[PDB]
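For reference, the structure discussed in these notes is given below.
If you read the sequence from its start, that first residue is 1, and numbering goes on from there.
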Amino acid sequence: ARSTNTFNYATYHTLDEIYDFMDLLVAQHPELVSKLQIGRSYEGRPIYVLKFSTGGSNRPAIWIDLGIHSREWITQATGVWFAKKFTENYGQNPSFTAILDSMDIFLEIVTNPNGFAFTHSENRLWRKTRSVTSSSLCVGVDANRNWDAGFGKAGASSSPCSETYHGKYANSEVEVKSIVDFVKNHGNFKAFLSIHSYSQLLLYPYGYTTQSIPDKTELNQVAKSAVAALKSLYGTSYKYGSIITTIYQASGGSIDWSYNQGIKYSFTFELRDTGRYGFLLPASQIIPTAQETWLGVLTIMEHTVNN
Ligand SMILES: [Zn+2]
């Protein structure tokens with residue numbers, strides 16, 4: 001509430017608290033953390049990115065987004081925890097410190113603010129955006145099927161009323177296009193991590209196609225390493241692989257896009273749990289989730305700094 005050291009990371013928060021949090025952090029670490037507004041949501045809400053940087057030019061950067069699907073509360077929660085952790089770990093952990101001395105981190109805690117607010121206000125299990133309009137009474141797009149990455153192919157629905165609606169055209173959703181522009185403009189993203197829940201997976205491209213990425217040996221071994229790292233804290237067991245092989249065909253995803261932009265280290269996480277609680281993961285599992293998922297993320301970041 002009054003500082004980041006006072007903020008309760010062991011409970012779920014509303015939009016206002018998370019935004020206020022972003023302010024506390026910037027005020028507390030002005031030299032390390034910048035808050036960027038890369039857009040406005042459908043309903044006019046600021047869309048915020050925290051930039052972690054130790055200086056430099058347009059340093060190679062890591063993208064991390066969380067909460068694109070609004071009901072996956074664990075992701076927005078982890079996202080706050082990560083932001084704190086960056087500020088804590090800088091100069092303490094030799095490994096993290098070497099990362100930030102050379103690379104920037106862009107962290108998007110609430111990718112889908114409208115959906116988030118709606119999860120608090122009306123429907124806890126809402127996952128889409130809240131864009132309206134057309135020949136429908138149904139609101140919102142699945143923002144993780146809206147990307148220009150086999151957009152409108154099988155693995156996404158052309159019904160507005162669908163929970164997996166892909167939207168009218170690739171990048172129709174402002175929450176998406178804001179990221180696109182942002183990353184395309186920067187031009188020096190080396191890794192790109194989208195954070196989801198649940199089912200305990202680490203995935204690399206493709207979803208939309210059976211085609212094997214050229215970098216699959218490398219991405220596989222990376223995925224292996226990060227899953228090993230993650231399981232070291234509490235024993236939490238992930239599976240890993242390409243989306244289409246592990247999960248299902250899915251078109252218009254985050255990772256397919258970024259990898260097609262030449263960002264090689266394009267990974268999606270699906271956090272806890274395995275179905276016991278689902279989207280409604282107990283607040284008592286926030287910190288343990290955040291802590292292990294850090295070890296998984298750190299691993300990738302390290303690989304990245306290294307190649
Ligand atoms: Zn999701």
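Aromatic rings of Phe279 and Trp73 (six-membered ring for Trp) have centroids beyond the 6.0 Å cut-off, not under it. Note: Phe86 and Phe96 meet the aromatic proximity criterion, with ring centroids under 6.0 Å apart. Ring pair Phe7/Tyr9: centre-to-centre distance below 6.0 Å. Aromatic rings of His303 and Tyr265 (six-membered ring for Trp) have centroids within the 6.0 Å cut-off, being under it.
The hydrophobic side chain of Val174 is isolated, with no ILVMFWY side chain under 4.5 Å apart from it. Under the 4.5 angstrom side-chain criterion for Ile, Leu, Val, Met, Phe, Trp and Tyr, the cluster partners of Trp126 are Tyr42, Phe118, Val132, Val139. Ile47 forms part of a hydrophobic cluster together with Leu36, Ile38, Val49, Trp63, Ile68, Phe106, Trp147, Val176, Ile179, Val180, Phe182, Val183, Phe189, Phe192, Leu201, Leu203, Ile243, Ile247, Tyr248, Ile255, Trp257, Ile263, judged by ILVMFWY side-chain heavy-atom separations under 4.5 Å.
There is no side-chain donor-acceptor pair under 3.5 Å between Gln200 and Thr236. Counted by atom type alone, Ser53 and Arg59 present zero donor-acceptor pairs between their side chains at under 3.5 Å. Judged purely by distance below 3.5 Å, without hydrogens or angles, the side chains of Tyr204 and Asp215 never pair a donor atom with an acceptor atom. Residues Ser266 and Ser258 have side chains that bring a donor and an acceptor to within less than 3.5 angstrom of each other.
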Practice problem: Take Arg130 and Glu122 through the salt bridge (charged side-chain N to carboxylate O under 4.0 Å, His left out) test and state the conclusion after the steps. | Solution: CA-CA 12 Å; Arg130 299 293 297 171; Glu122 251 78 39; over 6 Å; no

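In this structure, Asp20 CG and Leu15 CG are separated by 10.0 Å, a value rounded to the nearest 0.5 Å.
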